[PDB]
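Asks: Have a look at this one before I ask anything.
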Amino acid sequence: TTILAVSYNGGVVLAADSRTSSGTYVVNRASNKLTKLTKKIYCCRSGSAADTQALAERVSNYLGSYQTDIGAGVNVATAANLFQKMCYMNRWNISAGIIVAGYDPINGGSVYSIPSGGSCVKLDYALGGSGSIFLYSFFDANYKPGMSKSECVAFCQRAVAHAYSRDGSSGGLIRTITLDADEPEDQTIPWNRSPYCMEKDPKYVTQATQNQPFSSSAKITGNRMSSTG
Amino acid sequence: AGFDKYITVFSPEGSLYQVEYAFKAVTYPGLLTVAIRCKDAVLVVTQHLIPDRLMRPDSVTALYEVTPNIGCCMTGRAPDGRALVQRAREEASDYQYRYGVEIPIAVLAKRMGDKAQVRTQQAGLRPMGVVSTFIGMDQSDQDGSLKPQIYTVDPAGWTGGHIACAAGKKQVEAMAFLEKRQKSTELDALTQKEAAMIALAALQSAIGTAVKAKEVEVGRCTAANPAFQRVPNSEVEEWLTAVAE
């Protein structure tokens, strides 16, 4: 499970994998971890699936009522605070890491990270899930703030493809969504079109010389690939 | 045997006097609303008159939105209506939270009618003096299209669908005009502009003042945009000028 959100000028870009696994078996290979709360606020949920689904739908049911009552759009701080409160008074029973990202006309685009513990940190870019730790040292190197909308979604897809290539718990479709002043737009690039994969990476084409032929010299010359040879 | 009319009890001839006096509270504030539905849309027009000229002309209203898809007008005692909306809104969230779909319109009308019947049974509570009209568009089955709906709930709880309802001050003259207009044409075949012309003509027939644009607010639900929304004065003026001929 890998989820991430990156903020740019206009709004935010959410990206995530699509695979729920039972430890070592792919239960669902086309899952959807980007849950909408409002029209312009989404959440990427990681950890357990039942707990985060209950939380997402409870908070979205709250947000629908607040917005109808006040009659004007909802900030992202509201939704992030609701999530933090809930995931804080259930912190012993649930294992739920949330990334709440959205756009409001007041403060532009915003990304909040609510980890397992239950805190709430408002960031410029957030990562989460079991396969995240492979992305930190990817963002420290290849990421610069102030990107455009298109280059942002390209970088997000690239980050997720580098995260689920090495991680076992992650994989499948790459699902991204862009939230900004215009309509929120979605995109799902499959695995057979991903911007990276360790099978098509030409540095992993030549194999490790492990099966040495029974030979007379100590020169290593590659594997033994047939019985005659 | 002395009072018979200060609490919820039956009087000798078989009437609930507190529910018979709650029909005189709706017609008290002198407001009048007309809701109509054409082939593709629902319109609700209400008098929105602020005789005082120091009051914000956009603060006091009658149209509320119960759900993104269902709106309502509240005729009668002004605060009551407001409170009622809150109840409706609550029942939506529960429903929206407990079953996972947005609440139908007939279900909301039935539940808001039942809540009204409970007050007419216990001695303590006072019946809500407000004739609520929920307008919306519902999913029609076996074809998937959206069908317009207008539901009315009284202080007693007499919920009912409608083709065109009128509520409030001089509502009988408005209903008579609508009935006379219906005997000729077919309301479920008219278009939105004609329907709004008929609604405005009924309202101007019931009060007889040839209303201007700033005294009425119009709310609409359309098959194209299913959400309830109120239409600007730049559109109501176009129907006023057309009724003028």
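Top to bottom, those sequences are chains H and A.
All residue numbers for the first sequence refer to the authors' numbering, where the first residue is 55 and numbers rise by one.
All residue numbers for the second sequence refer to the authors' numbering, where the first residue is 4 and numbers rise by one.
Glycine included, every Cβ here is placed at the ideal spot set by N, Cα and C.
Taking C-beta to C-beta, are residue 133(A) and residue 64(A) nearer than 9 Å?
Replies: Not in contact: residue 133(A) and residue 64(A) (Cβ atoms no closer than 9 Å).
Asks: Run down chain H in chain order and give the residues with a C-beta less than 9 Å from the C-beta of residue 92(A).
Replies: Near residue 92(A) (Cβ distances below 9 Å), the residues of chain H are 119, 122, 123.
Asks: When you compare only the Cα positions, how much space is there between residue 157(H) and residue 231(A)?
Replies: Taking the straight line joining both Cα atoms gives about 24 Å.
Asks: Output the residue ranges of the alpha helix (DSSP H) runs that lie fully inside the segment 156-241 of chain H and measure 4 residues or longer, sorted by chain position.
Replies: As far as the segment 156-241 of chain H is concerned, its whole alpha helix (DSSP H) runs of at least 4 residues are 190-196, 203-220.
Asks: With a threshold of 8 Å, are at least 3 pairs of Cβ atoms found where one atom belongs to the segment 232-243 of chain H and the other to the segment 88-96 of chain H?
Replies: Yes, the segment 232-243 of chain H touches the segment 88-96 of chain H.
Asks: Would residue 47(A) count as contacting chain H if we go by Cβ distances under 9 Å?
Replies: Not closer than 9 Å to any Cβ of chain H, the Cβ of residue 47(A) fails to qualify, so no.
Asks: Please determine, among 265(H), 119(H), 113(H), the residue with the shortest C-alpha to C-alpha distance to residue 141(H).
Replies: For the residues 265(H), 119(H), 113(H), the minimum Cα distance to residue 141(H) belongs to 113(H).
Asks: Starting from the C-beta of residue 313(H), find all residues in its chain whose C-beta is less than 6 Å away, skip the five residues before and the five after it, and write them out in chain order.
Replies: Nothing can be reported for residue 313(H): it is not among the residues displayed for chain H, which extend from 55 to 283.
Asks: May I have the straight-line CA-CA distance separating residue 16(A) from residue 172(A), to the nearest angstrom?
Replies: Taking the straight line joining both Cα atoms gives about 28 Å.
Asks: Could you list which residues in chain A have their beta carbon closer than 8 Å to that of residue 115(H), in chain order?
Replies: Chain A residues near residue 115(H): 96, 99, 100.
Asks: Name the residues in the segment 66-78 of chain A whose C-beta lies less than 9 Å from a C-beta of chain H; which are they?
Replies: Hits within the stretch, in order: 68, 69, 70, 71.
Asks: In the DSSP assignment, find the unbroken beta strand (DSSP E) run with residue 154(A) in it and report its ends.
Replies: Unbroken beta strand (DSSP E) run through residue 154(A): 149-156.
Asks: Using alpha carbons as the reference points, say which of 191(H), 211(H), 81(H), 169(H) lies closest to residue 245(H).
Replies: Measuring from the Cα of residue 245(H), the nearest candidate turns out to be 211(H).
Asks: Terminal residues of the continuous alpha helix (DSSP H) containing residue 27(A)?
Replies: 26-29 is the span of the alpha helix (DSSP H), which, as asked, contains residue 27(A).
Asks: By Cβ distance, which residues of its chain are closer than 7 Å to residue 223(H), with the 5 residues on each side in sequence left out?
Replies: Excluding sequence neighbours, residue 223(H) sits near 55, 75, 184, 185.
Asks: Please confirm if residue 99(H) has its CB atom under 9 Å from at least one CB of chain A.
Replies: With 9 Å as the cut-off, residue 99(H) does not count as an interface residue toward chain A.
Asks: On the DSSP bridge list, what partners appear for residue 73(H)?
Replies: BP columns for residue 73(H) are empty, so no partner.
Asks: Does any residue of chain A have a CB that is nearer than 9 Å to the CB of residue 253(H)?
Replies: So no, residue 253(H) is outside the interface.
Asks: Kindly provide the ranges of any alpha helix (DSSP H) runs that are 4 or more residues long and lie completely inside the segment 167-226 of chain A, ordered along the chain.
Replies: The qualifying runs are 174-185, 195-210.
Asks: Check whether the Cβ atoms of residue 246(A) and residue 179(A) sit closer than 9 Å, and answer yes or no.
Replies: No.
Asks: Would residue 130(A) and residue 29(A) be called neighbours here (beta carbons separated by less than 9 Å)?
Replies: In this structure, residue 29(A) does not lie closer than 9 Å to residue 130(A) by Cβ.
Asks: DSSP state of residue 257(H), grouped into three classes?
Replies: Here residue 257(H) sits in helix by DSSP.
Asks: How about residue 107(A): is its Cβ closer than 8 Å to a heavy atom in the ligand GTP?
Replies: With respect to the ligand GTP, the structure offers nothing, as it holds no ligand at all.
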